[PDB]
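Quick notes on the structure that follows.
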Amino acid sequence: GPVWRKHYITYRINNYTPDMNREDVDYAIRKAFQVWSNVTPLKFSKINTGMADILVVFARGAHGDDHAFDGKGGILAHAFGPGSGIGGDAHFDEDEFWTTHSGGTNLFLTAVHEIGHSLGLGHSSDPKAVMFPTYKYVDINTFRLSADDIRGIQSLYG
Ligand SMILES: O=NC(=O)CNS(=O)(=O)c1ccccc1
Ligand SMILES: [Ca+2]
Ligand SMILES: [Ca+2]
Ligand SMILES: [Ca+2]
Ligand SMILES: [Zn+2]
Ligand SMILES: [Zn+2]
């Protein structure tokens with residue numbers, strides 16, 4: 001399947017959810033990228049203008065792609081595998097309530113999973129994997145990838 005064929009990857013935050021402090025959105029997304037750069041040769045840079053490899057978007061309902069969102073609950077986010085254009089992009093449902101903690105839906109934890117997709121990972125059948133298709137809050141301060149996640153990503157990079 002598609003992978004990025006270069007080590008320096010850019011991302012851009014298209015718009016910010018009103019659910020969170022701006023700096024907290026920046027940090028959650030940065031930390032989520034760091035999870036993957038920790039176990040690959042990839043380096044991620046936030047850019048403020050221009051065309052990024054990975055565009056991070058908050059949107060609700062129909063938002064121009066073919067994966068319309070569904071209101072509060074259900075689908076929380078979706079992302080596209082590596083490629084030109086929309087490839088790599090990660091979309092977060094604004095009808096969720098995004099947070100830094102265990103309330104609402106945790107942006108960091110959701111973003112770790114979405115960026116996994118942005119890098120070319122699919123879903124895991126292992127409930128312990130961040131790439132498992134079901135969202136479940138785990139303590140974000142001690143968060144770690146499962147062996148399955150690490151095997152998955154290192155089958156694609158490094
Ligand atoms: O990547 N998106 C999905 O897998 C769709 N399911 S979900 O939005 O409920 C979701 C999102 C993120 C992590 C687990 C599950
Ligand atoms: Ca939803
Ligand atoms: Ca893109
Ligand atoms: Ca919201
Ligand atoms: Zn979308
Ligand atoms: Zn997913």
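Residue numbers in this text run from 1 along the chain shown.
The header says X-ray crystallography, 1.2 Å.
Each Cβ is built from the backbone N, Cα and C atoms, and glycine gets one as well.
The annotation Ca(2+) 1 binding site is assigned in Swiss-Prot to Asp19, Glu94, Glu96. Reduced to three states, the DSSP call for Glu96 (Ca(2+) 1 binding site) is coil.
If you look up Swiss-Prot, you'll see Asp53, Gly85, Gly87, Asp89 marked as Ca(2+) 2 binding site. Taking the Cβ of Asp53 (Ca(2+) 2 binding site) as centre and 10 Å as the limit, one finds 21 other Cβ atoms among all the protein chains shown.
Look at Swiss-Prot and you will find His63, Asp65, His78, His91 tagged as Zn(2+) 1 binding site. Annotation for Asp65 (Zn(2+) 1 binding site): spatial neighbours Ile86, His91, criterion Cβ-Cβ under 8 Å with sequence separation of six or more.
Look at Swiss-Prot and you will find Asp70, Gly71, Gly73, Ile75, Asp93, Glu96 tagged as Ca(2+) 3 binding site. Counting every protein chain shown, the Cβ of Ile75 (Ca(2+) 3 binding site) has 15 other Cβ atoms within 10 Å.
Sequence annotations record features per position, and here Swiss-Prot assigns active site to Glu114. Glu114 (active site) has a Cβ environment of 24 other Cβ atoms inside 10 Å.
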Rounded to an integer, what is the Cα-Cα distance in Å between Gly87 (Ca(2+) 2 binding site) and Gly71 (Ca(2+) 3 binding site)? 24
Close to ligand 2, in the sense of Cβ under 6 Å, among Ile75, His78, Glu114 as recorded positions, are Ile75
Is any of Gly85, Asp93, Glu114 (recorded positions) within Cβ reach of ligand 5, i.e. under 6 A, and which? none
Note: in the chain of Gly71 (Ca(2+) 3 binding site), residues six or more apart in sequence with C-beta under 8 angstroms of its C-beta are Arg60, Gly61, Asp95
For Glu114 (active site), which of the binding-site residues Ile75, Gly85, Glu96 has the nearest Cα in space? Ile75
In sequence order, those binding-site residues of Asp19, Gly73, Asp89, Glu96 whose CB lies under 6 Å from ligand 1: none
